[PDB]
Amino acid sequence: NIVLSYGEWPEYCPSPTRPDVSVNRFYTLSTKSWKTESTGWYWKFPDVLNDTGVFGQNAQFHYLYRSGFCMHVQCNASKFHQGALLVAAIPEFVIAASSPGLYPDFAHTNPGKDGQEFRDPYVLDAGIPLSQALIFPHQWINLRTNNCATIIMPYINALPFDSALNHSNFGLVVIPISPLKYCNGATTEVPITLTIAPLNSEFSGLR
Amino acid sequence: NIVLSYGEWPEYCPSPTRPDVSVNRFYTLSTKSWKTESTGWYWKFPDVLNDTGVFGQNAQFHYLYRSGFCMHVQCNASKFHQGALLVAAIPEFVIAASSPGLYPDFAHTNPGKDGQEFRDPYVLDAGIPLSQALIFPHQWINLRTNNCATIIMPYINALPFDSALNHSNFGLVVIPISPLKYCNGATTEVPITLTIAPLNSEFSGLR
Amino acid sequence: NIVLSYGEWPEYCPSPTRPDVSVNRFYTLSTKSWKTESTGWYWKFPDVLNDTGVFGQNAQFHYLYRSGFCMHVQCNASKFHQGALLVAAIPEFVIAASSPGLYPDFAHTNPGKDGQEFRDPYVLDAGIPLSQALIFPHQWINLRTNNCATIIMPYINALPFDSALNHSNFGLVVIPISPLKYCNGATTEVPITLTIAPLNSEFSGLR
Amino acid sequence: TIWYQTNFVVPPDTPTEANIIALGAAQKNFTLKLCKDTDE
Amino acid sequence: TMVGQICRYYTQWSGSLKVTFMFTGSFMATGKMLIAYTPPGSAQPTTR
Amino acid sequence: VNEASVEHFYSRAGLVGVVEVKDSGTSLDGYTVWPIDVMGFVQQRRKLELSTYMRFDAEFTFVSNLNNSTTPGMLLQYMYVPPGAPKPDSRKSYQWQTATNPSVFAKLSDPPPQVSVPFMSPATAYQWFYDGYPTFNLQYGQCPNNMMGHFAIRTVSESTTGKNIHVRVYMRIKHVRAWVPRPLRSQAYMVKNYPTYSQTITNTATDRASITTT
């Protein structure tokens with residue numbers, strides 16, 4: 001029940017250090033609080049791990065980098081909560097500013113391991129309409145049916161290898177479509193947990 | 001899990017127009033509101049369709065008529081509602097008046113597509129005791145177990161063919177035995193839906 | 001002795017309701033009175049049946065329609081009457097007005113089941129000359145030889161299916177060439193009867 | 001058209017207002033012709 | 001919709017469409033909805 | 001077994017009508033017509049309305065006598081007016097001679113006359129409950145296809161005899177077949193030919209003190 005982004009398992013570039021399960025472990029990021037009025041959140045893929053653990057070391061010390069990912073969202077709501085999230089993975093997520101101050105601040109183009117809340121969920125902060133974001137790989141989190149969503153996204157870039165810090169490959173977006181409503185007397189903030197695990201990772205050019 | 005009235009699938013009279021799936025479709029009647037104090041409802045079988053759609057046309061324009069039926073009741077209660085209905089099909093349901101004005105009014109002998117609420121559920125409006133109505137084909141709708149009940153009733157009449165308007169073959173009765181009780185704060189009126197679908201229908205004598 | 005319009009029996013469009021002999025019966029229209037000075041009559045083919053019987057129902061309630069026809073004229077004159085009729089079937093009979101008020105009235109473009117008497121039989125009410133109308137499928141009704149004429153006309157239209165009410169396929173025309181003369185003391189008005197029977201009819205898009 | 005067939009039934013302490021989401025698409029037999037410019 | 005936007009880049013289109021609905025209420029919430037579809041000939045039905 | 005069978009349940013010919021050929025006093029008729037009605041008494045109607053459709057042929061027997069239980073040699077005619085024929089209007093009626101009306105001439109001082117009557121109905125079976133209207137409010141639920149014809153009785157005599165003759169008609173249902181069992185009646189029978197009941201419903205069971213009382 002895991003969506004395969006464009007239907008290609010991530011593969012090593014045939015012929016550069018190939019790390020091991022010491023790096024290819026499950027990084028469980030912090031949990032964000034899905035409230036009623038909350039608009040959503042997004043993470044830049046390679047940027048979200050550039051400062052945590054051995055993967056952060058490899059990214060911040062090598063020169064070329066390529067890796068797949070097995071992003072995994074789960075949210076633990078009760079059976080009396082109602083709502084619906086849209087989680088998709090957007091290649092080349094180019095965040096754009098919103099002029100009435102013409103380019104996005106760095107805190108909005110690379111939010112880090114904490115994510116950024118959307119300013120314009122309707123237009124995805126990038127002018128494109130949300131109603132069409134489903135053209136990307138996605139999975140629906142509808143509380144009455146399922147509460148998990150796994151996306152396997154391979155390496156999509158023009159060049160074979162690229163810098164892990166200058167250019168972020170894609171961006172994981174999770175937006176509430178049907179807002180979270182609940183009667184009085186429940187946990188007023190469903191928690192959303194995002195587990196990431198690199199796949200078929202590679203580096204080159206140490207120090 | 002469908003009860004077979006007297007254990008005989010409806011069959012064409014061997015040898016008259018035999019209609020098709022254009023007529024043998026599922027007519028979904030209106031939904032009645034099962035409230036606490038409600039006493040029940042009954043429909044005369046051929047009379048309930050004599051004014052709706054192509055079957056109504058065939059009945060109101062031909063002379064002889066015979067058809068089976070696949071009456072189907074369903075009620076959508078919550079899991080906190082409690083109650084129990086008795087649905088049975090009574091051949092030759094002869095409604096009787098209740099003198100202290102000696103014969104039932106036509107609105108009570110042929111109620112139409114809207115059904116009539118019972119005046120005396122204990123005695124079935126016909127002198128016979130409800131505690132024995134189970135001698136007919138029936139199914140129990142107990143909210144803690146099931147919420148649907150299908151009765152296939154073939155053609156039971158003395159003559160081979162009969163008028164579709166003068167003489168109604170049987171009557172579908174649905175009575176609440178255990179009344180509907182529910183705590184404060186629920187949908188105060190469970191809806192009951194009745195779907196009918198003629199089977200092996202026949203007519204003769206057009207215009 | 002039946003003329004086959006362009007030599008093609010009407011055929012079902014290979015793959016939509018296909019009616020039966022309940023619809024494919026002989027509709028006998030009213031009889032018009034062929035008098036001396038009478039100029040002729042014409043009927044639009046699908047329009048002549050759009051308000052009579054089950055075919056009228058199917059036309060006035062479906063969306064797409066295609067059918068052949070077996071138009072059949074007969075006239076019961078005595079052996080002392082003399083005259084000659086020309087009956088032909090004209091595809092795409094576009095009636096035109098006659099300016100000295102620039103387009104024909106609807107009562108002249110779709111006369112109905114009663115037909116319309118020609119205003120200009122010489123020029124067929126359409127500018128084209130009668131002397132050439134024989135280029136269409138036709139049969140001669142010459143009282144000294146025959147008194148019947150059958151035309152089987154298949155479905156001729158650009159699109160596969162069309163509206164039965166907006167666009168009339170063809171038009172049946174019957175004109176007296178040699179006028180009706182008779183000595184004193186005979187039935188002064190020969191009757192002309194027009195029997196129609198649809199063939200390989202089809203509809204689609206009910207309600 | 002979408003019609004309320006029945007009422008909206010919930011057990012106690014549960015929201016009484018939901019949302020239906022409609023998704024459109026085209027089957028495999030869809031075709032286009034005669035490309036032209038757009039109207040934004 | 002994606003198809004709605006692409007068809008504006010063409011002149012003619014013909015085919016069969018599908019429309020998926022999705023309920024997003026509490027799990028405990030039950031009910032019944034009737035979805036009808038009227039062909040292009042007729043007008044909108046006025047009553048259920 | 002074989003003792004609660006449906007055939008044995010309707011056997012044992014029983015009284016269905018006590019008709020009286022009045023010929024004395026203020027009733028110098030000498031004849032009487034008794035329309036056949038199986039559902040005459042309640043004890044029989046309740047057993048018959050157990051089933052909906054029923055098919056049988058009867059074996060009528062006439063037990064006649066005077067009012068002092070004597071049985072002189074008087075001569076009687078019993079005529080069976082079939083369903084659909086006219087019934088007589090007096091002692092001397094043209095109807096008393098229509099050879100299509102079967103008749104049985106038996107004296108009083110003879111064993112009871114006995115005659116079988118076949119299944120006389122246009123339908124497939126007699127129908128006690130008819131949810132419908134004939135003649136395609138006092139006409140609802142009344143099937144006409146249950147009529148079994150009349151029984152007319154007269155003393156073959158010239159003038160009045162001055163002797164009332166009571167007749168007891170017994171009937172035996174043979175070859176009973178029944179369909180669609182129904183719940184046995186629970187309320188009183190208020191009116192013949194109609195299932196009407198009283199506003200005061202009577203419980204089917206007798207009421208004890210508490211649900212924990214025996």
# chains A, B, ... in the order shown; residues from 1 in each chain; ligands from 1
>>> select_by_dssp(residues="region 29-116 of chain B", states="alpha helix (DSSP H)", output="PDB file with N, CA and C atoms, in the first residue's frame")
ATOM      1  N   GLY B  53     -43.834   5.322 -12.410  1.00  0.00           N
ATOM      2  CA  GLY B  53     -42.937   4.780 -13.399  1.00  0.00           C
ATOM      3  C   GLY B  53     -43.559   3.759 -14.335  1.00  0.00           C
ATOM      4  N   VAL B  54     -42.671   3.038 -15.017  1.00  0.00           N
ATOM      5  CA  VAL B  54     -43.106   2.151 -16.083  1.00  0.00           C
ATOM      6  C   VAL B  54     -43.957   1.025 -15.535  1.00  0.00           C
ATOM      7  N   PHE B  55     -43.657   0.554 -14.328  1.00  0.00           N
ATOM      8  CA  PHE B  55     -44.516  -0.454 -13.726  1.00  0.00           C
ATOM      9  C   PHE B  55     -45.901   0.102 -13.454  1.00  0.00           C
ATOM     10  N   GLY B  56     -45.979   1.341 -12.983  1.00  0.00           N
ATOM     11  CA  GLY B  56     -47.278   1.955 -12.820  1.00  0.00           C
ATOM     12  C   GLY B  56     -48.026   2.045 -14.132  1.00  0.00           C
ATOM     13  N   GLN B  57     -47.311   2.344 -15.214  1.00  0.00           N
ATOM     14  CA  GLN B  57     -47.950   2.388 -16.522  1.00  0.00           C
ATOM     15  C   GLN B  57     -48.510   1.025 -16.895  1.00  0.00           C
ATOM     16  N   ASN B  58     -47.678  -0.011 -16.798  1.00  0.00           N
ATOM     17  CA  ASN B  58     -48.123  -1.344 -17.180  1.00  0.00           C
ATOM     18  C   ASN B  58     -49.307  -1.793 -16.347  1.00  0.00           C
ATOM     19  N   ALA B  59     -49.310  -1.484 -15.056  1.00  0.00           N
ATOM     20  CA  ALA B  59     -50.438  -1.888 -14.230  1.00  0.00           C
ATOM     21  C   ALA B  59     -51.687  -1.107 -14.604  1.00  0.00           C
ATOM     22  N   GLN B  60     -51.555   0.202 -14.784  1.00  0.00           N
ATOM     23  CA  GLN B  60     -52.715   1.036 -15.044  1.00  0.00           C
ATOM     24  C   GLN B  60     -53.183   0.984 -16.485  1.00  0.00           C
ATOM     25  N   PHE B  61     -52.541   0.205 -17.344  1.00  0.00           N
ATOM     26  CA  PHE B  61     -52.994   0.121 -18.724  1.00  0.00           C
ATOM     27  C   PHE B  61     -53.243  -1.285 -19.223  1.00  0.00           C
ATOM     28  N   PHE B 106     -60.966   3.869   1.858  1.00  0.00           N
ATOM     29  CA  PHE B 106     -60.048   3.482   0.796  1.00  0.00           C
ATOM     30  C   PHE B 106     -58.634   3.943   1.083  1.00  0.00           C
ATOM     31  N   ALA B 107     -58.477   5.067   1.770  1.00  0.00           N
ATOM     32  CA  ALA B 107     -57.139   5.503   2.125  1.00  0.00           C
ATOM     33  C   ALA B 107     -56.468   4.555   3.096  1.00  0.00           C
ATOM     34  N   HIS B 108     -57.221   3.651   3.717  1.00  0.00           N
ATOM     35  CA  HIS B 108     -56.646   2.662   4.609  1.00  0.00           C
ATOM     36  C   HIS B 108     -56.532   1.280   3.995  1.00  0.00           C
ATOM     37  N   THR B 109     -57.248   1.002   2.916  1.00  0.00           N
ATOM     38  CA  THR B 109     -57.121  -0.284   2.251  1.00  0.00           C
ATOM     39  C   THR B 109     -56.097  -0.258   1.137  1.00  0.00           C
TER      40      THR B 109
END
>>> calpha_fit_and_write(fixed="chain A", moving="chain C", output="short mmCIF file (atom, residue, chain, number, x, y, z; two decimals) with C-alpha atoms, in the first residue's frame")
data_model
loop_
_atom_site.label_atom_id
_atom_site.label_comp_id
_atom_site.auth_asym_id
_atom_site.auth_seq_id
_atom_site.Cartn_x
_atom_site.Cartn_y
_atom_site.Cartn_z
CA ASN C 1 0.00 0.00 0.00
CA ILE C 2 3.08 2.17 -0.48
CA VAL C 3 3.08 4.54 -3.44
CA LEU C 4 6.04 4.24 -5.79
CA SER C 5 6.96 7.71 -7.04
CA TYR C 6 6.82 7.37 -10.84
CA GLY C 7 7.23 3.63 -10.42
CA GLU C 8 10.99 3.26 -10.04
CA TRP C 9 12.72 1.84 -6.99
CA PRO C 10 15.83 3.86 -6.15
CA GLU C 11 18.99 2.40 -7.66
CA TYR C 12 22.70 2.96 -7.25
CA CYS C 13 24.39 4.77 -10.11
CA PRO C 14 26.34 2.03 -11.92
CA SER C 15 30.09 2.48 -12.32
CA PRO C 16 32.15 6.76 -4.37
CA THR C 17 31.28 5.74 -0.82
CA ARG C 18 28.13 3.65 -0.42
CA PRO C 19 27.08 3.91 3.26
CA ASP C 20 25.40 1.13 5.22
CA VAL C 21 22.52 0.49 7.59
CA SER C 22 24.40 2.65 10.09
CA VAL C 23 23.23 5.53 7.89
CA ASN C 24 20.21 3.84 6.30
CA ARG C 25 18.24 3.87 9.54
CA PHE C 26 14.87 5.40 10.35
CA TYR C 27 15.18 9.03 11.38
CA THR C 28 12.01 9.99 13.23
CA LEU C 29 11.62 13.75 13.08
CA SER C 30 9.65 15.81 15.56
CA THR C 31 5.86 15.63 15.67
CA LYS C 32 3.85 18.65 14.58
CA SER C 33 0.47 19.53 16.03
CA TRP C 34 -2.39 19.35 13.55
CA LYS C 35 -4.86 21.87 14.92
CA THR C 36 -8.12 23.13 13.46
CA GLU C 37 -6.91 26.33 11.80
CA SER C 38 -3.50 24.90 10.87
CA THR C 39 -2.69 25.31 7.19
CA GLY C 40 -0.09 22.61 6.55
CA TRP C 41 3.64 22.08 6.45
CA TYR C 42 6.39 21.30 3.98
CA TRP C 43 9.94 19.97 4.18
CA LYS C 44 12.72 20.17 1.63
CA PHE C 45 13.97 16.64 1.19
CA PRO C 46 17.78 16.65 1.50
CA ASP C 47 17.75 19.82 3.54
CA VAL C 48 15.71 18.25 6.33
CA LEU C 49 18.60 15.94 7.25
CA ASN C 50 21.64 18.13 6.64
CA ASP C 51 22.15 18.76 10.35
CA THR C 52 21.16 15.50 12.09
CA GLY C 53 23.38 12.52 12.60
CA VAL C 54 25.63 10.55 10.31
CA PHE C 55 23.66 11.51 7.22
CA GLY C 56 24.09 15.14 8.15
CA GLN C 57 27.81 14.50 8.47
CA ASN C 58 28.06 12.83 5.07
CA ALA C 59 26.10 15.62 3.41
CA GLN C 60 28.01 18.43 5.12
CA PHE C 61 31.41 16.90 4.38
CA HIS C 62 31.20 15.34 0.93
CA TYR C 63 30.73 17.11 -2.37
CA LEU C 64 28.46 14.97 -4.56
CA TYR C 65 25.35 13.27 -3.22
CA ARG C 66 22.48 11.14 -4.48
CA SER C 67 19.93 9.18 -2.49
CA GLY C 68 16.39 7.91 -2.56
CA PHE C 69 13.98 8.24 0.31
CA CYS C 70 11.12 6.37 1.97
CA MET C 71 9.24 9.23 3.59
CA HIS C 72 6.52 7.97 5.92
CA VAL C 73 3.77 10.02 7.57
CA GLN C 74 1.51 8.77 10.34
CA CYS C 75 -1.03 10.56 12.52
CA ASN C 76 -2.62 9.16 15.67
CA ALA C 77 -6.16 10.46 15.92
CA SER C 78 -9.04 9.00 17.86
CA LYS C 79 -12.09 7.47 16.25
CA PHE C 80 -14.17 10.58 17.03
CA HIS C 81 -11.82 12.97 15.27
CA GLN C 82 -12.57 13.88 11.67
CA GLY C 83 -10.40 15.30 8.95
CA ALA C 84 -8.40 14.59 5.83
CA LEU C 85 -4.80 15.33 4.88
CA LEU C 86 -3.12 15.41 1.49
CA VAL C 87 0.52 14.33 1.49
CA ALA C 88 2.44 14.54 -1.77
CA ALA C 89 6.06 14.75 -2.86
CA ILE C 90 6.87 17.57 -5.26
CA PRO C 91 10.06 17.38 -7.34
CA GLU C 92 11.84 20.71 -7.75
CA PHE C 93 9.63 22.49 -5.24
CA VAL C 94 10.54 26.11 -5.99
CA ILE C 95 9.00 28.21 -3.24
CA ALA C 96 7.98 31.67 -4.43
CA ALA C 97 7.46 34.89 -2.53
CA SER C 98 4.21 36.86 -2.50
CA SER C 99 4.63 40.48 -3.53
CA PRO C 100 1.82 43.01 -2.91
CA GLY C 101 10.03 41.41 -0.79
CA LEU C 102 10.46 39.75 -4.17
CA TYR C 103 12.35 36.55 -3.31
CA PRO C 104 11.72 34.12 -0.46
CA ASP C 105 13.87 34.29 2.62
CA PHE C 106 16.27 31.44 3.26
CA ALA C 107 14.22 30.38 6.25
CA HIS C 108 11.42 29.71 3.76
CA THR C 109 13.44 27.99 1.04
CA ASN C 110 15.31 25.65 3.41
CA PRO C 111 13.25 25.44 6.60
CA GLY C 112 15.36 22.74 8.19
CA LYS C 113 14.39 19.77 10.31
CA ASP C 114 11.43 21.67 11.76
CA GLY C 115 9.40 22.36 8.62
CA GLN C 116 7.57 25.53 7.65
CA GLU C 117 3.86 26.20 7.82
CA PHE C 118 2.30 27.22 4.53
CA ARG C 119 1.38 30.85 4.00
CA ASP C 120 -0.91 30.15 1.01
CA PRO C 121 -2.12 26.54 1.00
CA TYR C 122 -4.53 27.16 -1.86
CA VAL C 123 -1.75 28.07 -4.27
CA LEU C 124 0.93 25.86 -2.66
CA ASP C 125 3.06 28.97 -2.05
CA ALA C 126 4.16 28.53 -5.65
CA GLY C 127 1.34 29.90 -7.79
CA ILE C 128 0.24 26.44 -8.91
CA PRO C 129 -3.24 25.40 -7.75
CA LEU C 130 -3.66 22.88 -4.96
CA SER C 131 -6.57 21.25 -6.77
CA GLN C 132 -3.99 19.88 -9.21
CA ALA C 133 -1.20 18.96 -6.80
CA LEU C 134 -2.44 15.38 -7.09
CA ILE C 135 -0.55 15.16 -10.38
CA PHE C 136 2.46 14.40 -8.17
CA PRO C 137 2.91 11.19 -6.19
CA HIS C 138 0.55 11.36 -3.25
CA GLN C 139 -1.50 9.46 -0.71
CA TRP C 140 -4.67 10.49 1.10
CA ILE C 141 -4.82 10.47 4.87
CA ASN C 142 -8.52 10.24 5.64
CA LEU C 143 -9.10 9.68 9.34
CA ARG C 144 -12.09 7.44 8.82
CA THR C 145 -10.06 5.01 6.72
CA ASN C 146 -6.29 5.15 7.19
CA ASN C 147 -3.73 6.99 9.28
CA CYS C 148 -0.45 6.33 7.46
CA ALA C 149 1.06 7.17 4.09
CA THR C 150 4.38 6.00 2.64
CA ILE C 151 6.05 7.50 -0.43
CA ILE C 152 9.15 5.97 -2.00
CA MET C 153 10.77 8.66 -4.12
CA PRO C 154 13.87 7.87 -6.19
CA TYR C 155 16.57 10.33 -7.24
CA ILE C 156 15.26 12.84 -9.77
CA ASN C 157 17.81 15.36 -11.01
CA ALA C 158 19.34 16.45 -14.28
CA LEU C 159 22.96 15.71 -13.39
CA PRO C 160 24.09 12.32 -12.07
CA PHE C 161 25.32 13.72 -8.74
CA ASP C 162 24.70 17.11 -7.09
CA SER C 163 25.60 19.16 -3.98
CA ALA C 164 23.63 18.09 -0.88
CA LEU C 165 23.48 21.64 0.38
CA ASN C 166 23.10 24.01 -2.54
CA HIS C 167 20.27 22.30 -4.45
CA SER C 168 17.44 20.42 -2.75
CA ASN C 169 15.93 17.70 -4.91
CA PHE C 170 12.28 17.67 -3.86
CA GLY C 171 9.88 18.72 -1.15
CA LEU C 172 7.45 16.75 1.00
CA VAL C 173 4.15 18.59 1.37
CA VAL C 174 1.30 17.69 3.73
CA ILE C 175 -1.82 19.85 3.70
CA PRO C 176 -5.17 19.49 5.48
CA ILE C 177 -7.97 19.64 2.92
CA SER C 178 -10.92 18.82 5.13
CA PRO C 179 -10.17 20.68 8.36
CA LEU C 180 -9.95 18.91 11.70
CA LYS C 181 -13.20 19.16 13.63
CA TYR C 182 -13.97 17.39 16.89
CA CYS C 183 -16.61 17.68 19.55
CA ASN C 184 -15.80 19.09 22.97
CA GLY C 185 -13.59 16.91 25.12
CA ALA C 186 -10.91 15.33 22.97
CA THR C 187 -7.19 15.73 22.41
CA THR C 188 -7.37 19.11 20.71
CA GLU C 189 -4.25 18.60 18.56
CA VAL C 190 -3.70 15.41 16.58
CA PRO C 191 0.02 14.61 16.34
CA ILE C 192 1.67 14.02 12.97
CA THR C 193 4.93 12.08 12.84
CA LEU C 194 7.30 11.95 9.88
CA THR C 195 9.77 9.07 9.61
CA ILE C 196 12.47 9.22 6.92
CA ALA C 197 14.87 6.53 5.77
CA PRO C 198 17.45 7.11 3.02
CA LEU C 199 17.79 4.43 0.36
CA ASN C 200 20.66 3.52 -1.97
CA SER C 201 22.65 6.51 -0.81
CA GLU C 202 26.02 7.56 -2.21
CA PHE C 203 28.65 10.23 -1.66
CA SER C 204 31.95 11.25 -3.22
CA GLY C 205 34.69 13.76 -2.55
CA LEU C 206 35.30 13.53 1.18
CA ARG C 207 36.85 16.47 3.04
#
>>> closest_atom_pairs(of="chain E", to="chain A", cutoff="6 Å", atoms="only C-alpha atoms", output="tab-separated table")
residue	atom	partner	partner_atom	distance
E:24	CA	A:83	CA	5.9
E:25	CA	A:82	CA	5.2
E:26	CA	A:82	CA	4.6
E:27	CA	A:144	CA	4.6
>>> atom_distance(atom1="CA of residue 202 (chain F)", atom2="CA of residue 42 (chain F)")
17.4 Å
>>> select_by_dssp(residues="region 2-102 of chain B", states="strand (DSSP E or B)", output="PyMOL selection string")
chain B and resi 3-4+17+27-28+32-34+41-44+64-75+82-91+98-99
>>> residues_around(residues="residue 32 (chain E)", least_positions_apart="2", cutoff="8 Å", atoms="only C-alpha atoms", output="ChimeraX atom specification")
/B:76 /D:4-8 /E:30,34
>>> atom_distance(atom1="CA of residue 15 (chain E)", atom2="CA of residue 28 (chain D)")
8.1 Å
>>> interface_residues(of="chain D", to="chain B", cutoff="6 Å", atoms="only C-alpha atoms", output="JSON, numbers by chain")
{"D": [9, 11, 12]}
>>> residues_around(residues="residue 20 (chain E)", least_positions_apart="3", cutoff="9 Å", atoms="only C-alpha atoms", output="ChimeraX atom specification")
/D:21-25
>>> write_last_selection(atoms="N, CA and C atoms", output="short mmCIF file (atom, residue, chain, number, x, y, z; two decimals), in the first residue's frame")
data_model
loop_
_atom_site.label_atom_id
_atom_site.label_comp_id
_atom_site.auth_asym_id
_atom_site.auth_seq_id
_atom_site.Cartn_x
_atom_site.Cartn_y
_atom_site.Cartn_z
N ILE D 21 -15.63 15.32 -0.82
CA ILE D 21 -14.63 15.79 -1.77
C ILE D 21 -14.88 15.08 -3.09
N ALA D 22 -14.95 15.85 -4.17
CA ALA D 22 -15.21 15.29 -5.49
C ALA D 22 -13.95 15.34 -6.33
N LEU D 23 -13.60 14.21 -6.94
CA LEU D 23 -12.43 14.11 -7.79
C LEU D 23 -12.87 13.78 -9.20
N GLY D 24 -12.42 14.58 -10.16
CA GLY D 24 -12.76 14.38 -11.55
C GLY D 24 -11.59 13.81 -12.33
N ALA D 25 -11.90 13.12 -13.42
CA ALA D 25 -10.88 12.55 -14.28
C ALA D 25 -11.52 12.19 -15.61
#
>>> residues_around(residues="residue 40 (chain D)", least_positions_apart="6", cutoff="10 Å", atoms="only C-alpha atoms", output="tab-separated table (two decimals) with C-alpha atoms, in the first residue's frame")
chain	number	residue	atom	x	y	z
E	5	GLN	CA	-7.17	22.86	-17.89
E	8	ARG	CA	-8.80	24.52	-22.89
E	9	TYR	CA	-5.68	24.00	-25.00
